[PDB]
Amino acid sequence: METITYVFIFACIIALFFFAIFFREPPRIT
Amino acid sequence: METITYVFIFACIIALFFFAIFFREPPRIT
Amino acid sequence: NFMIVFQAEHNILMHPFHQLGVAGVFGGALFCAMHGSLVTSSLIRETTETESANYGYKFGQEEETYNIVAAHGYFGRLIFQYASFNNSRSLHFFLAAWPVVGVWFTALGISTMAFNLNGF
Amino acid sequence: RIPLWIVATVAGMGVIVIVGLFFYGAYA
Amino acid sequence: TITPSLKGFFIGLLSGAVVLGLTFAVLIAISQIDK
Amino acid sequence: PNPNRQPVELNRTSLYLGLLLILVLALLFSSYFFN
Amino acid sequence: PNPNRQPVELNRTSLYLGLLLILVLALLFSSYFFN
Amino acid sequence: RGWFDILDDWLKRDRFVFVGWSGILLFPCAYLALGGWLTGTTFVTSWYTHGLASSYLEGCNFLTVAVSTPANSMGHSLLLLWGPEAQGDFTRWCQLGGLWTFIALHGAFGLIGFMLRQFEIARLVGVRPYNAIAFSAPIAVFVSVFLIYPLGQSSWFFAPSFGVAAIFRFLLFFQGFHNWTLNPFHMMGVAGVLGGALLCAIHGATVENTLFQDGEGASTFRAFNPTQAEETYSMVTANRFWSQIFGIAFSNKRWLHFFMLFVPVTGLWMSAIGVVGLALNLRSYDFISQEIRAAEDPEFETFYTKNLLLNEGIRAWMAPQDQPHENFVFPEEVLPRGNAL
Amino acid sequence: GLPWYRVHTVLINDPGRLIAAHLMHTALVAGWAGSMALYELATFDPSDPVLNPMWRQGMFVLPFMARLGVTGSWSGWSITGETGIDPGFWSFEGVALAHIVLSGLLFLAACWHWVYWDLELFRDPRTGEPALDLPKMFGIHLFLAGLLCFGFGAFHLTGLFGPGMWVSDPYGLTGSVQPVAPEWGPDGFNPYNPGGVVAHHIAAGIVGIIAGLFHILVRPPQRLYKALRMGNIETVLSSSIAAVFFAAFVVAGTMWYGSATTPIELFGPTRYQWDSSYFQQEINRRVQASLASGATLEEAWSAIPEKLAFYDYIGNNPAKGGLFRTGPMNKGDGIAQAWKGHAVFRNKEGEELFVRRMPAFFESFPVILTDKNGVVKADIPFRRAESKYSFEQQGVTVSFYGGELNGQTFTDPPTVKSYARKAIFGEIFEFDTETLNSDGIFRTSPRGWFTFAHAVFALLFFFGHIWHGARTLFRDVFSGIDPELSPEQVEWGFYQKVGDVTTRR
Amino acid sequence: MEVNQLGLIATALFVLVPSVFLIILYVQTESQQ
Amino acid sequence: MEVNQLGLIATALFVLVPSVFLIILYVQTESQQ
Amino acid sequence: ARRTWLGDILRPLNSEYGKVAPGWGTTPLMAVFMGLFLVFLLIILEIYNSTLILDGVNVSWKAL
Amino acid sequence: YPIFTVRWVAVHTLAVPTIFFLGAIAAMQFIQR
Amino acid sequence: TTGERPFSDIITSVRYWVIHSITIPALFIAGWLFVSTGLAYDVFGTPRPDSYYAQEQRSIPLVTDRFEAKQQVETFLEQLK
Ligand code: CLA
Ligand code: CLA
Ligand code: CLA
Ligand code: CLA
Ligand SMILES: CCCCCCCCCCCCCCCC(=O)OC[C@H](COP(=O)(O)OC[C@@H](O)CO)OC(=O)CCCCCCCCCCCCCCC
Ligand SMILES: CCCCCCCCCCCCCCCC(=O)OC[C@H](COP(=O)(O)OC[C@@H](O)CO)OC(=O)CCCCCCCCCCCCCCC
Ligand SMILES: CC1=C(/C=C/C(C)=C/C=C/C(C)=C/C=C/C=C(C)/C=C/C=C(C)/C=C/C2=C(C)CCCC2(C)C)C(C)(C)CCC1
Ligand SMILES: CC1=C(/C=C/C(C)=C/C=C/C(C)=C/C=C/C=C(C)/C=C/C=C(C)/C=C/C2=C(C)CCCC2(C)C)C(C)(C)CCC1
Ligand SMILES: CCCCCCCCCCCCO[C@@H]1O[C@H](CO)[C@@H](O[C@H]2O[C@H](CO)[C@@H](O)[C@H](O)[C@H]2O)[C@H](O)[C@H]1O
Ligand SMILES: CCCCCCCCCCCCO[C@@H]1O[C@H](CO)[C@@H](O[C@H]2O[C@H](CO)[C@@H](O)[C@H](O)[C@H]2O)[C@H](O)[C@H]1O
Ligand SMILES: [Fe+2]
């Protein structure tokens, strides 16, 4: 379950990378 | 740890009883 | 453990007071589900499809929230017209009376088997 | 016509004697 | 070949078809007579 | 904008009922989870 | 009514940053928690 | 207008007993299930399948008559009258337990027909079909217990026999062999049934004791008009009473009646799930930690270990007669006794 | 606002986001398949396919991959027991990797369809409303399903273009993936005939192609369109849930009773093979055939394969587990190491005694030794009960033929009693219980777990079918019945026909 | 007692994941007006 | 490996309790207008 | 609504919403096929159930 | 008022075998045992 | 209501009594003769009080084979005969 935990946390981090890049709140001028 | 789990769930149930009685959404007429 | 030893010593399953109690609890569950389903079935349209139907009722409103005539028509067509309560007060008295009398009889059964008057 | 209470009493007595017959057969 | 169980299956199928046909024929006849 | 989006609600009574359901189910099934 | 109550806000950027902090801290400290 | 339309108008005509399209399935199947049960409990023995007398003709009473299950060597055979076991002979069909499968199959299709009747009447009357939704729970119980449970087991033999004392035997069998009381799905079933009985009693008493005075008589039943638009009882007073007595109270009547729907239906569905588990012998028979502790400690005694000993007694003392096909010969020294524990 | 249990109802009139949600579900399911295969590969021990096969190890998705032809791994092992070997790309790891990659691609497609929901294809050309022509959708999908079924039968299962499927001997000794020719006779409807599976897929695929063409070309009747509410996607959900619970009950039944698609080398034995003494009859038949040929008891019992003796053991019976006894079958009695041989019990006259075997119903069973007629000659008494058939008073000895203790004989009563207590389970095996901390309490096989999950799911989906059929047939009244509902419409003796205003008297 | 270790995490997640879900919904209901 | 078993629940709680907290706040921020 | 190349290709397959065959259409043929399907399901059920025993069809593992 | 109604059919299919069975059960009560 | 004659008017009718004072005794007599003449034992295969056990044996006649159960029952009935 140790390896499962490490891989799960890493996969959550990669999914968070995806959502932070492609589903960010867009910066709006003014 | 199994005894702690049972006592914890029971204590959560009693706390939920307290909040459901004294901090309920008040029924309003009409 | 209490149940199993009681069955061993008194044969409670063959005692008609326990059978009346089982009829009381089974009928109470049946009539609870039946009354709930018939009232829920005949709720008057007061909400949209997105809104929950429970918001159709206001606490303390004077008008009835469901059509008892439609529910009676459904239940009369389900069995026959005279097996259906047209009186809501009679129906709710029956709902109170059936499991209460059944549980009275099963409690008295436990007491009478306490004095060793056992089942058949 | 026959009064309804007469019919009800006759049916009740008939059902009572059929129950008594079944219980007599049970005890026998 | 036709086993005894296959003949029994044919008897059961024919009996079910006869029961359904009799039921629906009687219902259609009474429905036509009434209205 | 998608016009099919709708707001989601859960009142305090539903919160209390759901918490009671979850906690009672956990109290019932915890002995079997530990076994 | 209490006049000191104020709304609480967390934007999506703060959500992403907090999730990154929590997940990276968990990835760092999980080996030591398992030991 | 077409034979289908004329037949449809005839079937849904207002009369004393509604027929409908569902009646074609319901009335034959329900009538045959009831008539088969009465015929079996009146005339038909269980001598060749169980070694039991189970009819009025043999001398049994109302509590002890049953239409018993077929013999274990039948397996899960449909046991049709024209099938390879009975071969068209009605007498051998009755002797082999074919009446049990007759009643079970016709009762299953009758339950289907009754639920379709609920749907049909809800459609014509114009109400929501929540009565059919609620009736899904007795159907789930019947399918799990009388069909799925024997199908998972060795034969139809271990299904309940259609009788009072036979059902009591089924209860004791599940206690002794499955430890069915220890199963949490049965526990949720018990909670659903007892909570439904409680809800029935409490709602009826609450309505009857919060009635508005709408008539001059001391018998309040005549003070209700079915076509009245106003509530016959005070929901505000009932809510106040139960809030001050119990702490919480219903404040939404629609939620109250949905809850009355929800509790016993969910309980019965949970018990059906547990019965499916028992169909594969996936029982909640034991707690492994307590088994290990009892193995390593002779002085450890709880009510659960006593229940395990009682289950062992049930199994060993009832198995030779309840399962005559296995030819269990248990000598007196292998029978568990409390004076040897 | 929307209640929680209705949130997904925002998808009902949004075909693009419905496709996105379906793609997300498909990605989740494919990712589960890949990750489950990888977890099973990480935990699988391929060293002993005879006494520690995959169904003793709690392998759930490995038997399905093995069923359709995937027998090897990139590490070089095979489930049939071979080392070396070349599985090509389509090993267990290759299948798992393909599923993970598929999950990622479906996730990306779901993102695209969620963002670009407003496609002109989903809108009705003459009204501009979101509309799906459900009958022609059914025709297209049925044609595709028929094509795929026909291809699976004619190419994969046949072995024309594909690996074939797992077939085995009746006693699960020499199973392998083989090409299977279709069986077009009545024996194609034998569920234990794999040629029937091939013939089914060919014929049903052709029928599905024909029916898909029919449903593409011809429109539904107006009567059926109104009655089944074919403009409503919830009627598709209701009938689909109905067909799905039908198929779930079918697969649960065929898993529990056994078929050509549920071989015992991949899922373990059935409970009915223990009930009918199937493997015990085969073992006795082989032993008697060896004895009549002129061998002794030691040689006759030493010719029995260990796998066949392992099938004749109640710890491999799927009806012996528990609901909350988790993990593999090895977590129970242990990992089987070697057959101890056949135990023959004799009294002080040297007359053969037979141990009564435990039925699947019994959590515990007494030890009773009878002669060939069936009368009891010896037993083990319940705890401290007094006796007259005990092993000491009648001198019970046990002799082992074949296996590890071939030629040995034990006479000391505790050893003989322990061997009899093990002999109530059938064939006696040596178990390693320390590697997994085995507790000695039986677990069920993946056959039982599959049957349980799918029967429970089928029952719950019966409820789902009921609920959704009620919702689609009663769509006009599910926010409540008509506030102006006429009392004459629901009272008796006002209309001739129920619910028909035109039949007013 | 020799309990299943995963029972702990099972029970914890069985408490945590649905309850949190409800809490999320409840809190976002209170912030709407 | 012979790890501390509680590490699992520790890690899970270390993931779950703060992140859930943030999620709660975020969702109730999105429902305000 | 956004127009796409695949959308323009697939447009004829989603253009007949609500069009019906008048009256009863092919419903009797559908009923015949449903009855035949019911008979087929009964046949395979009683073969599996061993209620229907056919020559050359042994419903057992030993048929292989 | 018609006689051969659906109500007549239901009443008599439950009524005729009821009396046949009741006579059978009484004759059972006079079995010597 | 519904066009059927009320149950009270039916059961209080003299004509109903004069039809049902003949048919009901006829059915009761039919059932009594069904049991008393012993036709029920033959029709339903229920053993008579002297037909549970064979004269020599005291073994309960369970059927043990699926496809020979009919012949097994017939064999038991011949051995009691
Ligand atoms: C609502 C009506 C209804 C329904 C659904 C059933 C259902 C059933 N009955 Mg039943 N029954 C009914 C009314 C009904 N019955 C009535 C009114 C009677 C009194 C006569 C009986 C008397 C009865 C007996 C005595 C027995 C059953 C049995 C059965 C079961 C199996 C029957 C079977 O395999 O038939 C299969 C046949 C069909 C489903 C008919 C399908 C017809 C198709 C669609 C048409 C095509 C056929 C074709 C034209 C014929 C050509 C044949 C040729 C090739 C040889 C099944 C649960 C058996 C049972 O319960 O065993 C335990 C049994 O022994 N029934
Ligand atoms: C290119 C596509 C593809 C291929 C070749 C495979 C191949 C495989 N998958 Mg897989 N899978 C795929 C896509 C694919 N997958 C997708 C998209 C998903 C997500 C939904 C999955 C989810 C998935 C899971 C969850 C699992 C697999 C598993 C497997 C393996 C065993 C397959 C098996 O037993 O099927 C069984 C398939 C059936 C029994 C099909 C039933 C079809 C029904 C009967 C149709 C009924 C409706 C129909 C339209 C009726 C009309 C018919 C008409 C002709 C008359 C095999 C290696 C298993 C495995 O071992 O995992 C490692 C497993 O557990 N797959
Ligand atoms: C069809 C589903 C299915 C089936 C049959 C199996 C079967 C199996 N899995 Mg598996 N698995 C599945 C899905 C499935 N899996 C999924 C989806 C996952 C991802 C989470 C896994 C992850 C997984 C792992 C990680 C492992 C297995 C293992 C196993 C094996 C042992 C089974 C066991 O311990 O059961 C235990 C089953 C139970 C304790 C029953 C749970 C019953 C629940 C708790 C009841 C819930 C009641 C509910 C709350 C009531 C609500 C009431 C409300 C409505 C009012 C077995 C072969 C093990 C193995 O041996 O692999 C080698 C193993 O280590 N599986
Ligand atoms: C193919 C299967 C399928 C599909 C597509 C749907 C789709 C739908 N159902 Mg439905 N349903 C199904 C099967 C299905 N159902 C079954 C089998 C049942 C019986 C249990 C039900 C019972 C049911 C009811 C009683 C209701 C719906 C409702 C709905 C609608 C809204 C659902 C929603 O927002 O849930 C939101 C759900 C959640 C936010 C949480 C659910 C979490 C569950 C309880 C436990 C966790 C499950 C787990 C994550 C998934 C495991 C997968 C499993 C298959 C192994 C939607 C159209 C509702 C409706 O009609 O609204 C108008 C409604 O009231 N369904
Ligand atoms: C001296 C007074 C003594 C007070 C004793 C304390 C009693 C506490 C009663 C339960 C409080 C918690 C209710 C939460 C839920 C809550 O606050 O509900 C309040 C809710 C109010 O309903 P409304 O009609 O206002 O809600 C309408 C809509 O908002 C629906 O969402 O009442 C119910 O739904 C009643 C049915 C559930 C009744 C559940 C009672 C079960 C209690 C025992 C079960 C657990 C035992 C576990 C043992 C370890
Ligand atoms: C609203 C009045 C009653 C309120 C209390 C009701 C509590 C529940 C009691 C129920 C039992 C007693 C009924 C009331 C009794 C009552 O009010 O007495 C009076 C009533 C008859 O009164 P009428 O003469 O006005 O009824 C005849 C009508 O057709 C009017 O022409 O009796 C019956 O309905 C007879 C019952 C036996 C009928 C047997 C028919 C069997 C045929 C098959 C039925 C199948 C249906 C199920 C299909 C799946
Ligand atoms: C199986 C079968 C069948 C069927 C048949 C039938 C359908 C029959 C019917 C039958 C019937 C239909 C019968 C009836 C019976 C009845 C009786 C036997 C009654 C009794 C009663 C009593 C005893 C009473 C009681 C009471 C009550 C409940 C309440 C009050 C009190 C008293 C106690 C008085 C056929 C041939 C088709 C086919 C083959 C098989
Ligand atoms: C993006 C991308 C990618 C990646 C992907 C991945 C990495 C995936 C993964 C995936 C995964 C890895 C998934 C998973 C899933 C899972 C799931 C979905 C599960 C579920 C579960 C469940 C549902 C359960 C349930 C339960 C339990 C809890 C217990 C009790 C019983 C039951 C069974 C109910 C790549 C690079 C390739 C490429 C492209 C893109
Ligand atoms: C470990 C378990 C974790 C469980 C995770 C559970 C996920 C739950 C997701 C929350 C769903 C609610 O999502 C949130 O919904 C509300 C309405 O309800 C939306 O809010 C919308 O309606 C409100 C009410 O009119 C408006 O004030 C707001 O401007 C608008 O956006 C939010 O924009 C959306 O973010
Ligand atoms: C296992 C770990 C569990 C972790 C649990 C963490 C608890 C988190 C609690 C969050 C508290 C937020 O509490 C919520 O705040 C919002 C503002 O932010 C309040 O909302 C208030 O402001 C908004 C914005 O003007 C108004 O629309 C709303 O009418 C008003 O009440 C809610 O009334 C309150 O319920
Ligand atoms: Fe009410």
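Heavy atoms only: backbone and side chains are in, while hydrogens, waters and symmetry mates are out. Just so you know, ligand 1 is whichever comes first in the structure, and atom 1 is the first atom listed for that ligand. Reminder, nothing fancy here: chain letters follow the sequence lines and each chain counts from 1.
Within the 4.0 Å cut-off (strictly below), a protein heavy atom is located near atom 16 (C) of ligand 3. Within the 4.0 angstrom cut-off, atom 9 (N) of ligand 3 has no protein heavy-atom neighbours. Under the 4.0 angstrom criterion, atom 28 (C) of ligand 3 counts as lacking any protein heavy-atom contact.
Close contacts between ligand 3 and F:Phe29 involve ligand atoms 47 (C) [criterion: under 4.0 Å to a heavy atom]. Listed by number with element, the atoms of ligand 3 under 4.0 angstrom from any heavy atom of I:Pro328 are 60 (O). Residue I:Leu323 approaches ligand 3 through these ligand atoms, each under 4.0 Å from one of its heavy atoms: 38 (C), 39 (C). Taking every heavy atom of I:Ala453 and a limit of under 4.0 angstrom, the matching atoms of ligand 3 come to 1 (C), 5 (C). Atoms of ligand 3 lying under 4.0 Å from any heavy atom of I:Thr326, numbered from 1 in the order shown and given with element: 34 (O), 36 (C), 39 (C). Ligand 3 places these atoms under 4.0 Å from at least one heavy atom of I:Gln57: 62 (C).
For atom 22 (O) of ligand 5, the choice among H:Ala249, B:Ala20, B:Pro27 with the nearest heavy atom turns out to be H:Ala249. For atom 5 (C) of ligand 9, the nearest non-hydrogen atom from the set J:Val17, J:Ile24, F:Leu10, J:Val27 belongs to J:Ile24. Proximity annotation for atom 24 (C) of ligand 9: of G:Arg12, J:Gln32, F:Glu9, J:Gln33, J:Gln32 comes nearest, heavy atoms only.
At a 3.5 angstrom cut-off on N or O pairs, K:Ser31 counts as close to ligand 9. For I:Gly327, a nitrogen or oxygen atom sits less than 3.5 Å from a nitrogen or oxygen atom of ligand 3, counting backbone and side chain alike. Here's the thing with F:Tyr16: none of its N/O atoms is less than 3.5 angstrom from an N/O atom of ligand 5. Between F:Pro7 and ligand 9, no pair of N/O atoms sits closer than 3.5 Å. Of the N or O atoms in I:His454, none lie within a sub-3.5 Å distance of an N or O in ligand 3.
Shortest non-hydrogen contact noted between H:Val263 and H:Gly195 is CG1-C, 4.0 Å.
Using 4.0 Å as the threshold, B:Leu16 has no heavy atom nearer than that to any atom of ligand 5. No heavy atom of I:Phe44 sits closer than 4.0 Å to any atom of ligand 3. Ligand 5 is approached by H:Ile245 to a heavy-atom distance shorter than 4.0 Å. Taking a 4.0 Å cut-off on heavy atoms, F:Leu20 registers as neighbouring ligand 5.
With hydrogens left out, the protein atom closest to atom 17 (C) of ligand 9 is J:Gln28 OE1, 3.3 Å, a heavy atom.
Both the backbone and the side chain of H:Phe246 come within contact range of ligand 5, each with a heavy atom under 4.0 Å.
Environment of CZ in J:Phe14: crowded, with over 12 heavy atoms of neighbouring residues, nucleotides or ligands closer than 6.0 Å.
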